[PDB]
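> Next input, structure requested:
(one chain, ligands or ions: 1)
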Amino acid sequence: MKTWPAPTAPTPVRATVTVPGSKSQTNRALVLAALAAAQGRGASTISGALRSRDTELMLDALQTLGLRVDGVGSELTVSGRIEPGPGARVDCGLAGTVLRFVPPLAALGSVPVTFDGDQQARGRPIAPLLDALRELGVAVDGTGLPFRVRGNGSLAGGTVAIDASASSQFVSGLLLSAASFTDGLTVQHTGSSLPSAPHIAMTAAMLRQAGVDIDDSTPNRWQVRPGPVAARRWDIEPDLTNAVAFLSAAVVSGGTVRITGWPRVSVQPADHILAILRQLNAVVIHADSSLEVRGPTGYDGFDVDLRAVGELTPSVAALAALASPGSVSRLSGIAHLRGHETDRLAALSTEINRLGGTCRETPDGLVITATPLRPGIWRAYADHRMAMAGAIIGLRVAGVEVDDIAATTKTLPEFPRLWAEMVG
Ligand SMILES: C[C@](O[C@@H]1CC(C(=O)O)=C[C@@H](OP(=O)(O)O)[C@H]1O)(OP(=O)(O)O)C(=O)O
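Numbering: from 1, shown residues only. Sure, structure below:
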């Protein structure tokens, strides 16, 4: 595979960028649309849907269970029922949302369904949620990929305790299907350190938009009542995590970058995102339904807690590496990143140090000292965000090439084109 040269920016970047739909919201809409259909309420449409490897693994996942998902561009329609055929086998790829959101759904079928995924996916947390499904009535063969959900046409539900410190999607995947369990579901997260609060909140907000009743008034506890899932039309927002990679270009170059269609009120963590950018003295303005960020002429080291927004770590580490010479930056709250797509703290540390930088893994994060970097080969580890972080570095360091820019297809197949167009 040839490498991808990251274009430099010897002058301030100036651009207007459109990023496609949110991955998290798209895959939640598809699951909720499948439950509505399976319950007999009809077809649903998702407008502004992201088309990417992660959402294609989700819809093929639904098609393996018996549903029908149509559409050619960003408009997808879900219909049919759950009714897996003999030998049914879901390919999870490296998509955590499929690995975590679809086995509960599968418990509604009365046929066996295998789950499998990439070799790299078998190293990601899954056992605690499989135990929970067992405690709820479901026969499950195996405690990791590949495993089998031998459903019985329905699922009693009830109450269940789970340690979700490793991934918030253990809660989301349980909450998304709870409305079709006989008794509904009460879920209790045991212990502490529950990462990615905004994504559990995303699930709760979208469940309510589908008319489901969920009680989240007590931290670490969720109660969902059994009831209908509504057939409705979903409108998908731009992906704000991917927008941060383009915004990062304004920040490091002293430039200006605008994002079209930025939601004024979102189901995503927009508030956390804009604060972080302003921590570095970027000027952030809302204008034209677009968000404009103006980078500072320079910035120093920063301390930032990423517990609620861990998927920002690859782009924010790159920003930290490009701060003024000798700046020290500390990224915290992200031990669970040791189990993402790749172990993101080990990988970021390796690739920054390869470029002559200074990044040290900590028990919950990274400490990074800005130092002159040199050319090299930035490795992606099959991870869309490692790849974009390589692109951010390259804006300010000649000679950087990402080995596998096609890794970006997980959530942004058109990144190379969009990125060229911005820097141009
Ligand atoms: C990691 C990633 O994104 C995640 C998306 C997700 C969700 O429910 O939609 C919740 C979080 O997971 P966790 O609590 O396990 O950190 C996010 O970090 O992708 P993934 O769906 O393959 O796990 C990503 O975009 O980087």
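
> from memory residue 272 sits against residue 307, does it?
No. With contact taken as Cβ atoms under 8 Å, residue 272 and residue 307 are classed as non-touching, separated by 10.0 Å. (Each C-beta comes from the backbone N, C-alpha and C, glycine too.)

> Point out the other elements, helices or strands, that the longest helix out of those in the chain touches.
When the chain is parsed with DSSP state H, its longest helix is helix 23-38. With contacts taken as 3 or more Cβ pairs under 8 Å, 6 or more residues apart in numbering; DSSP states H and E, helix 23-38 sits against strand 44-47, helix 53-64, strand 76-79, helix 96-106, helix 169-177, helix 197-209, strand 233-235.

> of these, which approaches the ligand most closely?
Closest approach to the ligand among the helices and strands packed on helix 23-38 (Cβ to the nearest ligand atom): helix 96-106, 2.8 Å.

> helices and strands around that closest one, which ones?
helix 23-38, helix 53-64, strand 89-91, strand 112-116, helix 127-135, strand 147-150, helix 169-177.

> Serialize those to TSV and add fields for mean neighbour count and distance to the ligand.
TSV is the format used below for the helices and strands packed on helix 96-106 (neighbours: other Cβ atoms under 10 Å; distance: least, Cβ to the nearest ligand atom, whole Å):
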stretch	mean neighbour count	distance to the ligand
helix 23-38	27	3
helix 53-64	22	6
strand 89-91	19	14
strand 112-116	21	14
helix 127-135	18	11
strand 147-150	20	18
helix 169-177	26	4
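
> need those in TSV with distance to residue 356, can you?
Output for those, formatted as TSV (distance: least, Cβ to Cβ, whole Å):
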stretch	distance to residue 356
helix 23-38	33
helix 53-64	32
strand 89-91	39
strand 112-116	40
helix 127-135	39
strand 147-150	43
helix 169-177	36
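
> Could you work out the end-to-end span of stretch 392-407 for me?
15 Å (Cα to Cα, to the nearest Å).

> How about the stretch 201-350 of the chain: which residue is closest to the ligand?
The minimum distance from the stretch 201-350 of the chain to the ligand, using Cβ to the nearest ligand atom, falls at residue 311 (3.6 Å).

> and that residue, what are its phi and psi?
Torsion angles at residue 311 (phi, psi; degrees, to the nearest 10) stand at phi -70, psi 0.

> out of everything not next to it in sequence, what's closest to it?
Closest residue to residue 311 apart from its sequence neighbours, by Cβ to Cβ, 6 or more residues apart in numbering: residue 241 at 5.3 Å.

> What of residue 93?
residue 57 (4.3 Å).

> and what of residue 332?
residue 365 (4.4 Å).

> re the thing from before, quick check: which of the helices and strands packed on helix 23-38 is nearest to residue 347?
With Cβ to Cβ as the measure, helix 96-106 is the member of the helices and strands packed on helix 23-38 nearest residue 347 (16.6 Å).

> Is that closest one positioned near the ligand?
Yes. Using Cβ under 6 Å from any ligand atom, helix 96-106 reaches the ligand at 96, 97.

> picking up where we left off before, the residue nearest to residue 332 touches residue 334, doesn't it?
Yes. Under the criterion of Cβ under 8 Å, residue 365 makes contact with residue 334 at 5.1 Å.

> Between these two, which contacts overlap?
Common contact partners of residue 365 and residue 334 (Cβ atoms under 8 Å, 6 or more residues apart in numbering): 306, 345.

> three-state assignment of the residue nearest to residue 63 when sequence neighbours are not counted?
Distances taken as Cβ to Cβ, 6+ apart place residue 69 nearest to residue 63, at 6.0 Å, with adjacent residues excluded. Assigned with DSSP: H, G, I helix; E, B strand; the rest coil, residue 69 falls in the strand class.

> what sits opposite residue 69 in the beta ladder?
Beta-bridge pairing of residue 69 under DSSP bridges involves residue 78.

> Counting neighbours, what do you get for it?
As a burial measure, residue 69 scores 22 neighbours (other Cβ atoms under 10 Å).

> tell me the contacts of the residue nearest to residue 332?
Residue 365 sits next to 306, 330, 331, 332, 333, 334, 335, 345 when contact means Cβ under 8 Å, 6+ apart.

> can these go into a markdown table with extra columns for neighbour count, secondary structure and distance to the ligand?
As requested, the contacts of residue 365 are exported to a markdown table (neighbours: other Cβ atoms under 10 Å; DSSP: H, G, I helix; E, B strand; the rest coil; distance: Cβ to the nearest ligand atom, whole Å):
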| residue | neighbour count | secondary structure | distance to the ligand |
| --- | --- | --- | --- |
| 306 | 23 | coil | 10 |
| 330 | 17 | strand | 19 |
| 331 | 26 | strand | 14 |
| 332 | 16 | strand | 15 |
| 333 | 18 | coil | 11 |
| 334 | 23 | coil | 9 |
| 335 | 18 | helix | 11 |
| 345 | 25 | helix | 13 |
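
> Dump those residues into CSV; add distance to residue 94 as well.
Output for the contacts of residue 365, formatted as CSV (distance: Cβ to Cβ, whole Å):
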residue, distance to residue 94
306, 21
330, 29
331, 23
332, 26
333, 23
334, 19
335, 20
345, 18
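
> What is the nearest of the residues you listed to residue 125?
Distances from residue 125 to those, taken as Cβ to Cβ, are shortest for residue 335 (12.3 Å).

> who's in contact with the nearest residue to that closest one once chain neighbours are set aside?
In this structure, residue 335 finds its nearest non-sequential neighbour in residue 364, 4.6 Å apart by Cβ to Cβ, 6+ apart. By Cβ under 8 Å, 6+ apart, the contact set of residue 364 is 332, 333, 334, 335.

> ok, now with 10 Å
Contacts for residue 364 were tallied using Cβ atoms under 10 Å, 6 or more residues apart in numbering; they are 193, 305-307, 330-338, 345.

> Please produce CSV containing the residues you listed, extended by distance to residue 296.
Shown next, in CSV, are those (distance: Cβ to Cβ, whole Å):
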residue, distance to residue 296
193, 33
305, 21
306, 21
307, 26
330, 20
331, 20
332, 23
333, 25
334, 25
335, 31
336, 31
337, 27
338, 32
345, 27
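
> closest to residue 122 among those?
Using Cβ to Cβ, residue 338 comes nearest to residue 122 of the contacts of residue 364, at 15.6 Å.

> Tell me where the stretch 201-350 of the chain has strands.
214-215, 221-224, 233-235, 256-259, 283-287, 290-294, 303-305, 328-332 (DSSP state E, counting those that start in this stretch).
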